[PDB]
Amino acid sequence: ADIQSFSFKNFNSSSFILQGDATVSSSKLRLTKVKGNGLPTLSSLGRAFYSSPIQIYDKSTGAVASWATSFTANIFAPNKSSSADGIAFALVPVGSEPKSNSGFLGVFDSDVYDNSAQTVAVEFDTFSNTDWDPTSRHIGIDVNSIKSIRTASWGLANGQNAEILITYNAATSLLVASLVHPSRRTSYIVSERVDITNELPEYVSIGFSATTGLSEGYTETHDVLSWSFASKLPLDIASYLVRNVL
């Protein structure tokens, strides 16, 4: 079993591929732009990936990796009811370039399943796009489309840290994502099956993508404060969290 893991208590490391408006400052990863006064911008799109590709599975041995990632994000919308568009943790093709903005979170182009996109993402959607989204803000699992194959309601604690945990169990093909707002004591979780070897390439770049609205006040910040990741290609979370995120 090949194992690998990284843990960043803070950023500002040559370990990231920054695209769009993504930037590092105050040792935190700011995916979308924030003006001098500290307020969010419109039409922003930023992505950040770990500089080295991760092998998700091995075509020749049929082996499929199990992995887990955790990060703390902070989303602040000056006008809560105007929050848009969200942040997503994504697994994309290695040289991948940004996709459509706003509602597509920079990782997808349509709400129609397109295997050629070779992209899977867990989204934290703050703006309800009526053509495809649920009524409220939500956590969703996106498989080669912006229309989640499964979602769960999420109560956004504006400007409050969100502690996220995403795991993939190759044995059950189950992808689980949970979000906790320690300040409001709330927690959410979503789980669905994903046939990984069929939706993604053998090697992918893991990272984040975020965007803001295009109309006057539909914007918010999208900051990541810490990030851990562990992969095992042929996972004991109990020791993972302790020796990596806690």
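In case it trips you up, residue 1 is the first one in the sequence shown, and so on.
- Missing coordinates between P234 and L235 amount to 4 to 9 residues of the deposited sequence.
- Stretches 45-53 and 177-185 differ in mean C-alpha B factor, with the higher average recorded for 45-53.
- The PDB entry records a higher mean C-alpha B factor for 106-114 than for its counterpart among 106-114 and 153-161.
- Reading the B-factor column for the CA atoms of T172, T135, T167, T119 in the entry, the top value corresponds to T135.
- Across the residues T72, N129, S81, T126, the deposited record lists the maximum Cα B factor for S81.
- Among the modelled residues of its chain, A22 has a C-alpha B-factor that falls in the middle third according to the deposited record.
- In the deposited entry, the Cα temperature factor of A63 places it in the highest third of its chain's modelled residues.
- Among all modelled residues in this chain, the alpha-carbon of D85 has a temperature factor (C-alpha) in the middle third.
- In the deposited entry, the Cα temperature factor of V92 sits in the bottom third of values across the chain's modelled residues.
- Ranked within its chain, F6 lands in the lowest third, by CA B factor from the PDB record.
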